[PDB]
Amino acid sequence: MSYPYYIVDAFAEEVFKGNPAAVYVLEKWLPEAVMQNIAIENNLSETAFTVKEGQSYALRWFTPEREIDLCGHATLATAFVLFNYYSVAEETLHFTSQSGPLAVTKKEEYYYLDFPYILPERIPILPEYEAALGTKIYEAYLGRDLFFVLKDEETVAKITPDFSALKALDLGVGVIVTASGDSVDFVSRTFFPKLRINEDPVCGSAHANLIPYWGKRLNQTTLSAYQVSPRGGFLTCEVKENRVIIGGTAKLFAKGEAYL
């Protein structure tokens, strides 16, 4: 009847920032329906459910709509609560998702996720792109999402896109916007109107395109980043051969118990 849960703001130093997710560490699996209903109920970005299976932790993510293939901030969140509340001694957690094995590594107050090294390829700068964004796009690229480079951090932060216009664009799943950071290496913001989510405060998977791009362009192995969403979010980045690493802090917003 009682199921402990945690609400954590991933990639946040303090509450109300970063990207929020609810994580449920269960002793056994709940029915698919119940887990879906819980996600609808708390209406948060994503609700992660995990159960220790051997030495790995089986992960499962759900949004208010249905189960997704993967979500980074929610993985970091699940890691955060296992590391801080379920006494895991090892510096690395191993998960067994539907998208294959995942690993998060704790180093001090940071949690590290790994993503594929995917440099986005040049794309034509359509004027309908600059229209939806409401600003000038200096460079354009494509990967899983459209990838536009803007003037500066001030411009990235300030823009307010026509989300209905962006949903209409043909290419990509989402839209990424970047620029040279004022106090950090690079900043970004990610929009996913095609997926109901107008703006993700911090999509880590987007850094598969972000990190490669800025590492090559800035000529560095390590970069500091900040997804300048309203909520904000810091990310420490590293370039490896065929893989990128993002590390971020986390903050517990709430802890409690759900009753079923």
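Residues carry their position along the shown sequence, with the first being 1.
Of the two stretches examined, 201 to 209 and 42 to 50, the record assigns the greater average C-alpha temperature factor to 201 to 209. Set 192 to 200 against 56 to 64 and average the Cα temperature factors; 192 to 200 ends up higher. Residue set 30, 228, 70, 225: peak C-alpha B-factor at 70 (per PDB entry). Looking only at 130, 91, 108, 114, the residue with the top Cα B factor in the deposited structure is 130.
Placement of the Cα temperature factor of residue 77 within the chain: lowest third of the modelled residues, per the deposited record.
Per the PDB record, residue ranking by Cα B-factor puts residue 13 in the middle third of the chain.
Among the modelled residues of the chain, residue 235 sits in the middle third by CA temperature factor in this PDB entry. Placement of the Cα temperature factor of residue 104 within the chain: lowest third of the modelled residues, per the deposited record. The PDB entry assigns residue 85 a C-alpha temperature factor belonging to the lowest third of its chain's modelled residues.
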